[PDB]
Amino acid sequence: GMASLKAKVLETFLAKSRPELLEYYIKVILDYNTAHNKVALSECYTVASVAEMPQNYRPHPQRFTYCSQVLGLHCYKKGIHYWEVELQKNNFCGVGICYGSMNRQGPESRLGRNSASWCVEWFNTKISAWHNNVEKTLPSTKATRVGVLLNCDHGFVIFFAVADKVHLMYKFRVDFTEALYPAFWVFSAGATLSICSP
């Protein structure tokens, strides 16, 4: 019964317009203590890019040591939330969510490559959705912006491509077991991920 009701709510959210999604807006700020040495933060901690000069980070237990990732400041276990990320030179980069308990060290700390995270990703300019180290290739888009709809109350996440209107990239139904952080990956030179304020 819950699964049948969840499905009807999911269809409603898949059909929402951008103004309707923006009603769930949440302000995401990047967490300085999580950024890998190769990740530079700028514009009042709303932009992540690949560092071209030393960032002079101190080692921190919450800092990613293996891959070029960074988290948002806050995590969410209740409510329904929406944020957007503008991309430049998106040859190798990723946008997703993860449990706080995701490992921050070693190969398994990569977004979508473990059971604690979900993401969409550009990889040699080709798009895929990832969870639990299982890939789903997706059609290309000319959009330069991703919208993430995180629904903790009903249990799903949706990734939208945002241009003049919104288009589905991929979704996951999940009965989440703990709070979720926005999460980001920037790997190719010149790649930038900018959190939007519309």
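Its first residue numbered 54, the sequence shown is counted upward by one per residue in the working numbering.
The C-beta atom is built at its ideal place from N, Cα and C for all residues, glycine as well.
Residue i: first and last residue of the uninterrupted beta strand (DSSP E) it sits in
i	result
residue 224	219 to 226
residue 248	245 to 248
residue 94	92 to 95
residue 108	That residue, residue 108, is in no beta strand (DSSP E); it is neither H nor E in DSSP.
residue 81	Run containing residue 81: none; DSSP gives neither H nor E here.
residue 143	From DSSP, residue 143 is part of no beta strand (DSSP E); its letter is neither H nor E.
residue 177	Careful: residue 177 lies outside any beta strand (DSSP E) and carries neither H nor E.
residue 193	It is not in any beta strand (DSSP E) - residue 193 carries neither H nor E in the DSSP assignment.
residue 101	100 to 103
Per DSSP, cross-strand counterpart(s) of residue i
i	result
residue 58	Note: residue 58 sits in no beta bridge, so no partner.
residue 184	171 and 187
residue 122	238
residue 200	137 and 213
residue 149	172 and 236
Close beta carbons around residue i, own chain, < 8 Å, minus the five adjacent residues each side
i	result
residue 180	173, 174, 190, 191, 192, 193, 194 and 222
residue 59	207, 208, 209 and 226
Boundaries of the alpha helix (DSSP H) in which residue i is found, first to last residue
i	result
residue 73	71 to 75
Residue of the options minimising C-alpha distance to residue i
i	options	result
residue 214	241, 242, 182 and 230	182
residue 69	219, 148 and 111	219
residue 162	238, 201, 111 and 200	238
residue 99	123, 128 and 217	123
residue 200	217, 186, 185 and 232	217
Close Cβ partners of residue i (< 6 Å) along its chain, the five nearest in sequence each way excluded
i	result
residue 144	178 and 241
residue 134	77, 79 and 203
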